[PDB]
Amino acid sequence: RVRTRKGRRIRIXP
RNA sequence: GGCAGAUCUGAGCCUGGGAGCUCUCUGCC
């Protein structure tokens, strides 16, 4: 899974 | 025991730009 944080996408798990 | 939302990060930090450390509020079966 995917999250937007502070100018960018990060991935955490799927 | 399992899937997913918040968002100008809802938010601390780094042995950072990493399927990283972390941290809060909630749903569904």
# chains A, B, ... in the order shown; residues from 1 in each chain; ligands from 1

$ closest_atom_pairs --of "chain A" --to "chain B" --cutoff "8 Å" --atoms "only C-alpha atoms (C1' of nucleotides)" --output "CSV"
residue,atom,partner,partner_atom,distance
A:4,CA,B:7,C1',7.1
A:5,CA,B:9,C1',4.4
A:6,CA,B:9,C1',5.1
A:11,CA,B:19,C1',5.8
A:12,CA,B:19,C1',5.5
A:13,CA,B:19,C1',5.2
A:14,CA,B:19,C1',6.9

$ select_by_dssp --residues "chain A" --states "strand (DSSP E or B)" --output "MDAnalysis selection string"
chainID A and resid 2:5 8:11

$ decode --residues "region 1-28 of chain B" --atoms "N, CA, C and O atoms (P, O5', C5', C4', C3', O3' and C1' of nucleotides)" --output "PDB file, in the first residue's frame"
ATOM      1  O5'   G B   1      -3.239 -12.707  14.453  1.00  0.00           O
ATOM      2  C5'   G B   1      -3.963 -13.915  14.475  1.00  0.00           C
ATOM      3  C4'   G B   1      -4.637 -14.078  13.112  1.00  0.00           C
ATOM      4  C3'   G B   1      -4.788 -12.803  12.279  1.00  0.00           C
ATOM      5  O3'   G B   1      -3.636 -12.512  11.527  1.00  0.00           O
ATOM      6  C1'   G B   1      -6.802 -13.858  12.444  1.00  0.00           C
ATOM      7  P     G B   2      -3.531 -11.085  10.790  1.00  0.00           P
ATOM      8  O5'   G B   2      -4.547 -11.012   9.542  1.00  0.00           O
ATOM      9  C5'   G B   2      -4.325 -11.637   8.292  1.00  0.00           C
ATOM     10  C4'   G B   2      -5.584 -11.633   7.429  1.00  0.00           C
ATOM     11  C3'   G B   2      -5.729 -10.323   6.666  1.00  0.00           C
ATOM     12  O3'   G B   2      -5.023 -10.331   5.437  1.00  0.00           O
ATOM     13  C1'   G B   2      -7.758 -10.881   7.838  1.00  0.00           C
ATOM     14  P     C B   3      -4.263  -9.050   4.820  1.00  0.00           P
ATOM     15  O5'   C B   3      -5.309  -7.983   4.234  1.00  0.00           O
ATOM     16  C5'   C B   3      -5.743  -8.024   2.890  1.00  0.00           C
ATOM     17  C4'   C B   3      -6.974  -7.168   2.601  1.00  0.00           C
ATOM     18  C3'   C B   3      -6.860  -5.645   2.572  1.00  0.00           C
ATOM     19  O3'   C B   3      -6.223  -5.284   1.369  1.00  0.00           O
ATOM     20  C1'   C B   3      -8.735  -6.164   3.766  1.00  0.00           C
ATOM     21  P     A B   4      -5.169  -4.062   1.361  1.00  0.00           P
ATOM     22  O5'   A B   4      -6.126  -2.844   1.809  1.00  0.00           O
ATOM     23  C5'   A B   4      -6.919  -2.223   0.816  1.00  0.00           C
ATOM     24  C4'   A B   4      -7.867  -1.213   1.452  1.00  0.00           C
ATOM     25  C3'   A B   4      -7.369   0.171   1.833  1.00  0.00           C
ATOM     26  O3'   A B   4      -7.282   1.056   0.732  1.00  0.00           O
ATOM     27  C1'   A B   4      -8.845  -0.720   3.536  1.00  0.00           C
ATOM     28  P     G B   5      -6.469   2.447   0.804  1.00  0.00           P
ATOM     29  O5'   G B   5      -7.344   3.376   1.796  1.00  0.00           O
ATOM     30  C5'   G B   5      -8.300   4.247   1.226  1.00  0.00           C
ATOM     31  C4'   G B   5      -9.186   4.946   2.246  1.00  0.00           C
ATOM     32  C3'   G B   5      -8.592   6.257   2.751  1.00  0.00           C
ATOM     33  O3'   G B   5      -8.624   7.360   1.869  1.00  0.00           O
ATOM     34  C1'   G B   5      -9.579   5.106   4.499  1.00  0.00           C
ATOM     35  P     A B   6      -7.500   8.511   1.913  1.00  0.00           P
ATOM     36  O5'   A B   6      -7.796   9.340   3.259  1.00  0.00           O
ATOM     37  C5'   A B   6      -8.980  10.051   3.512  1.00  0.00           C
ATOM     38  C4'   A B   6      -8.880  10.648   4.907  1.00  0.00           C
ATOM     39  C3'   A B   6      -7.848  11.764   5.023  1.00  0.00           C
ATOM     40  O3'   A B   6      -8.502  12.915   5.515  1.00  0.00           O
ATOM     41  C1'   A B   6      -7.576  10.052   6.758  1.00  0.00           C
ATOM     42  P     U B   7      -9.101  13.983   4.474  1.00  0.00           P
ATOM     43  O5'   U B   7      -7.782  14.574   3.762  1.00  0.00           O
ATOM     44  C5'   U B   7      -6.835  15.304   4.515  1.00  0.00           C
ATOM     45  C4'   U B   7      -5.381  15.018   4.139  1.00  0.00           C
ATOM     46  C3'   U B   7      -5.156  15.265   2.649  1.00  0.00           C
ATOM     47  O3'   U B   7      -5.205  16.558   2.086  1.00  0.00           O
ATOM     48  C1'   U B   7      -3.695  13.617   3.765  1.00  0.00           C
ATOM     49  P     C B   8      -4.712  17.042   0.637  1.00  0.00           P
ATOM     50  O5'   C B   8      -3.157  17.394   0.847  1.00  0.00           O
ATOM     51  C5'   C B   8      -2.279  17.288  -0.245  1.00  0.00           C
ATOM     52  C4'   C B   8      -1.017  18.093   0.082  1.00  0.00           C
ATOM     53  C3'   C B   8      -0.500  17.767   1.476  1.00  0.00           C
ATOM     54  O3'   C B   8       0.900  17.828   1.265  1.00  0.00           O
ATOM     55  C1'   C B   8      -1.058  20.110   1.166  1.00  0.00           C
ATOM     56  P     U B   9       1.728  16.509   0.846  1.00  0.00           P
ATOM     57  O5'   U B   9       1.810  15.896   2.333  1.00  0.00           O
ATOM     58  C5'   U B   9       1.137  14.713   2.695  1.00  0.00           C
ATOM     59  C4'   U B   9       1.058  14.460   4.201  1.00  0.00           C
ATOM     60  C3'   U B   9       0.492  15.525   5.132  1.00  0.00           C
ATOM     61  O3'   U B   9      -0.893  15.648   4.949  1.00  0.00           O
ATOM     62  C1'   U B   9       2.289  14.334   6.128  1.00  0.00           C
ATOM     63  P     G B  10      -1.619  17.055   5.282  1.00  0.00           P
ATOM     64  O5'   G B  10      -2.172  16.774   6.765  1.00  0.00           O
ATOM     65  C5'   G B  10      -3.182  15.814   6.972  1.00  0.00           C
ATOM     66  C4'   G B  10      -3.538  15.497   8.421  1.00  0.00           C
ATOM     67  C3'   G B  10      -2.413  15.606   9.462  1.00  0.00           C
ATOM     68  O3'   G B  10      -2.273  16.914   9.956  1.00  0.00           O
ATOM     69  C1'   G B  10      -3.745  13.570   9.730  1.00  0.00           C
ATOM     70  P     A B  11      -1.103  17.306  10.995  1.00  0.00           P
ATOM     71  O5'   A B  11       0.217  16.853  10.199  1.00  0.00           O
ATOM     72  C5'   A B  11       1.507  17.014  10.749  1.00  0.00           C
ATOM     73  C4'   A B  11       1.804  15.868  11.720  1.00  0.00           C
ATOM     74  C3'   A B  11       3.241  15.388  11.578  1.00  0.00           C
ATOM     75  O3'   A B  11       4.151  16.289  12.177  1.00  0.00           O
ATOM     76  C1'   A B  11       1.796  13.617  12.041  1.00  0.00           C
ATOM     77  P     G B  12       5.728  16.013  12.076  1.00  0.00           P
ATOM     78  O5'   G B  12       5.965  15.118  13.389  1.00  0.00           O
ATOM     79  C5'   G B  12       6.432  15.715  14.573  1.00  0.00           C
ATOM     80  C4'   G B  12       7.013  14.695  15.550  1.00  0.00           C
ATOM     81  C3'   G B  12       8.526  14.476  15.439  1.00  0.00           C
ATOM     82  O3'   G B  12       9.254  15.230  16.380  1.00  0.00           O
ATOM     83  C1'   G B  12       7.332  12.375  15.463  1.00  0.00           C
ATOM     84  P     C B  13      10.735  15.796  16.129  1.00  0.00           P
ATOM     85  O5'   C B  13      11.428  14.380  15.803  1.00  0.00           O
ATOM     86  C5'   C B  13      12.206  14.330  14.628  1.00  0.00           C
ATOM     87  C4'   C B  13      12.823  12.930  14.564  1.00  0.00           C
ATOM     88  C3'   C B  13      13.960  12.845  13.559  1.00  0.00           C
ATOM     89  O3'   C B  13      15.195  13.345  14.025  1.00  0.00           O
ATOM     90  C1'   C B  13      12.484  11.011  13.233  1.00  0.00           C
ATOM     91  P     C B  14      16.552  13.453  13.178  1.00  0.00           P
ATOM     92  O5'   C B  14      16.946  12.017  12.576  1.00  0.00           O
ATOM     93  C5'   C B  14      17.738  11.119  13.332  1.00  0.00           C
ATOM     94  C4'   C B  14      17.754   9.871  12.463  1.00  0.00           C
ATOM     95  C3'   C B  14      18.562   9.972  11.171  1.00  0.00           C
ATOM     96  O3'   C B  14      19.959   9.938  11.394  1.00  0.00           O
ATOM     97  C1'   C B  14      16.542   8.650  10.935  1.00  0.00           C
ATOM     98  P     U B  15      20.965  10.017  10.142  1.00  0.00           P
ATOM     99  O5'   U B  15      21.281   8.497   9.733  1.00  0.00           O
ATOM    100  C5'   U B  15      22.552   7.966  10.037  1.00  0.00           C
ATOM    101  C4'   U B  15      22.768   6.515   9.621  1.00  0.00           C
ATOM    102  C3'   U B  15      21.614   5.802   8.912  1.00  0.00           C
ATOM    103  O3'   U B  15      21.919   5.752   7.536  1.00  0.00           O
ATOM    104  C1'   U B  15      21.949   4.806  10.993  1.00  0.00           C
ATOM    105  P     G B  16      20.766   5.821   6.426  1.00  0.00           P
ATOM    106  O5'   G B  16      20.431   7.391   6.500  1.00  0.00           O
ATOM    107  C5'   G B  16      19.141   7.936   6.709  1.00  0.00           C
ATOM    108  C4'   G B  16      18.227   7.631   5.529  1.00  0.00           C
ATOM    109  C3'   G B  16      18.748   7.953   4.138  1.00  0.00           C
ATOM    110  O3'   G B  16      18.206   7.027   3.221  1.00  0.00           O
ATOM    111  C1'   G B  16      16.866   9.273   4.535  1.00  0.00           C
ATOM    112  P     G B  17      18.940   6.732   1.821  1.00  0.00           P
ATOM    113  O5'   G B  17      17.921   7.491   0.829  1.00  0.00           O
ATOM    114  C5'   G B  17      16.545   7.209   0.822  1.00  0.00           C
ATOM    115  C4'   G B  17      15.713   7.824  -0.310  1.00  0.00           C
ATOM    116  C3'   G B  17      16.456   8.135  -1.604  1.00  0.00           C
ATOM    117  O3'   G B  17      16.020   7.225  -2.583  1.00  0.00           O
ATOM    118  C1'   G B  17      14.872   9.799  -1.047  1.00  0.00           C
ATOM    119  P     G B  18      16.467   5.676  -2.611  1.00  0.00           P
ATOM    120  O5'   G B  18      15.632   4.813  -1.552  1.00  0.00           O
ATOM    121  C5'   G B  18      16.183   3.640  -1.002  1.00  0.00           C
ATOM    122  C4'   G B  18      15.233   3.040   0.042  1.00  0.00           C
ATOM    123  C3'   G B  18      13.743   2.899  -0.266  1.00  0.00           C
ATOM    124  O3'   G B  18      13.234   1.754  -0.904  1.00  0.00           O
ATOM    125  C1'   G B  18      14.198   3.676   1.990  1.00  0.00           C
ATOM    126  P     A B  19      11.655   1.625  -1.209  1.00  0.00           P
ATOM    127  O5'   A B  19      11.169   0.583  -0.084  1.00  0.00           O
ATOM    128  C5'   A B  19      10.090   0.753   0.804  1.00  0.00           C
ATOM    129  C4'   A B  19       9.285  -0.413   1.356  1.00  0.00           C
ATOM    130  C3'   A B  19      10.067  -1.688   1.664  1.00  0.00           C
ATOM    131  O3'   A B  19       9.676  -2.327   2.845  1.00  0.00           O
ATOM    132  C1'   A B  19       8.271  -2.258   0.337  1.00  0.00           C
ATOM    133  P     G B  20      10.601  -2.089   4.144  1.00  0.00           P
ATOM    134  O5'   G B  20      10.368  -0.530   4.516  1.00  0.00           O
ATOM    135  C5'   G B  20      11.245   0.515   4.200  1.00  0.00           C
ATOM    136  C4'   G B  20      12.206   0.893   5.324  1.00  0.00           C
ATOM    137  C3'   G B  20      11.594   0.964   6.724  1.00  0.00           C
ATOM    138  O3'   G B  20      11.599  -0.312   7.323  1.00  0.00           O
ATOM    139  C1'   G B  20      12.748   2.930   6.251  1.00  0.00           C
ATOM    140  P     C B  21      10.589  -0.575   8.564  1.00  0.00           P
ATOM    141  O5'   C B  21      11.254   0.452   9.617  1.00  0.00           O
ATOM    142  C5'   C B  21      11.913   0.119  10.818  1.00  0.00           C
ATOM    143  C4'   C B  21      12.374   1.295  11.673  1.00  0.00           C
ATOM    144  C3'   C B  21      11.492   1.600  12.884  1.00  0.00           C
ATOM    145  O3'   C B  21      11.722   0.662  13.909  1.00  0.00           O
ATOM    146  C1'   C B  21      12.116   3.564  11.790  1.00  0.00           C
ATOM    147  P     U B  22      10.584   0.305  14.992  1.00  0.00           P
ATOM    148  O5'   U B  22       9.803   1.644  15.415  1.00  0.00           O
ATOM    149  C5'   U B  22       8.564   2.072  14.907  1.00  0.00           C
ATOM    150  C4'   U B  22       8.457   3.590  15.062  1.00  0.00           C
ATOM    151  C3'   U B  22       7.093   3.921  15.678  1.00  0.00           C
ATOM    152  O3'   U B  22       7.155   3.788  17.087  1.00  0.00           O
ATOM    153  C1'   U B  22       7.752   5.418  13.912  1.00  0.00           C
ATOM    154  P     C B  23       5.839   3.437  17.930  1.00  0.00           P
ATOM    155  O5'   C B  23       4.808   4.585  17.463  1.00  0.00           O
ATOM    156  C5'   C B  23       4.845   5.840  18.098  1.00  0.00           C
ATOM    157  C4'   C B  23       3.875   6.806  17.440  1.00  0.00           C
ATOM    158  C3'   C B  23       2.417   6.351  17.560  1.00  0.00           C
ATOM    159  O3'   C B  23       1.914   6.395  18.879  1.00  0.00           O
ATOM    160  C1'   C B  23       2.889   7.495  15.483  1.00  0.00           C
ATOM    161  P     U B  24       0.485   5.729  19.241  1.00  0.00           P
ATOM    162  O5'   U B  24      -0.501   6.683  18.389  1.00  0.00           O
ATOM    163  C5'   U B  24      -1.179   7.703  19.082  1.00  0.00           C
ATOM    164  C4'   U B  24      -2.055   8.447  18.084  1.00  0.00           C
ATOM    165  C3'   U B  24      -3.470   7.890  17.907  1.00  0.00           C
ATOM    166  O3'   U B  24      -4.278   8.205  19.018  1.00  0.00           O
ATOM    167  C1'   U B  24      -2.585   8.868  15.926  1.00  0.00           C
ATOM    168  P     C B  25      -5.573   7.297  19.343  1.00  0.00           P
ATOM    169  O5'   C B  25      -6.588   7.661  18.136  1.00  0.00           O
ATOM    170  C5'   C B  25      -7.289   8.886  18.204  1.00  0.00           C
ATOM    171  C4'   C B  25      -8.166   8.996  16.960  1.00  0.00           C
ATOM    172  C3'   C B  25      -9.029   7.759  16.703  1.00  0.00           C
ATOM    173  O3'   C B  25     -10.157   7.437  17.478  1.00  0.00           O
ATOM    174  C1'   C B  25      -8.176   8.628  14.661  1.00  0.00           C
ATOM    175  P     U B  26     -10.833   5.986  17.481  1.00  0.00           P
ATOM    176  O5'   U B  26     -11.343   5.673  15.988  1.00  0.00           O
ATOM    177  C5'   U B  26     -12.453   6.371  15.443  1.00  0.00           C
ATOM    178  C4'   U B  26     -12.795   5.909  14.030  1.00  0.00           C
ATOM    179  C3'   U B  26     -13.179   4.436  13.933  1.00  0.00           C
ATOM    180  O3'   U B  26     -14.471   4.210  14.450  1.00  0.00           O
ATOM    181  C1'   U B  26     -11.816   5.073  12.133  1.00  0.00           C
ATOM    182  P     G B  27     -15.019   2.695  14.554  1.00  0.00           P
ATOM    183  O5'   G B  27     -15.111   2.179  13.038  1.00  0.00           O
ATOM    184  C5'   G B  27     -16.175   2.410  12.135  1.00  0.00           C
ATOM    185  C4'   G B  27     -15.841   2.210  10.665  1.00  0.00           C
ATOM    186  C3'   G B  27     -16.217   0.777  10.268  1.00  0.00           C
ATOM    187  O3'   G B  27     -17.594   0.604  10.054  1.00  0.00           O
ATOM    188  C1'   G B  27     -14.186   1.483   9.291  1.00  0.00           C
ATOM    189  P     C B  28     -18.396  -0.672  10.618  1.00  0.00           P
ATOM    190  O5'   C B  28     -17.894  -1.763   9.540  1.00  0.00           O
ATOM    191  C5'   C B  28     -18.465  -1.734   8.253  1.00  0.00           C
ATOM    192  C4'   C B  28     -17.634  -2.543   7.263  1.00  0.00           C
ATOM    193  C3'   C B  28     -17.721  -4.055   7.392  1.00  0.00           C
ATOM    194  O3'   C B  28     -18.902  -4.574   6.812  1.00  0.00           O
ATOM    195  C1'   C B  28     -15.458  -3.380   7.253  1.00  0.00           C
TER     196        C B  28
END
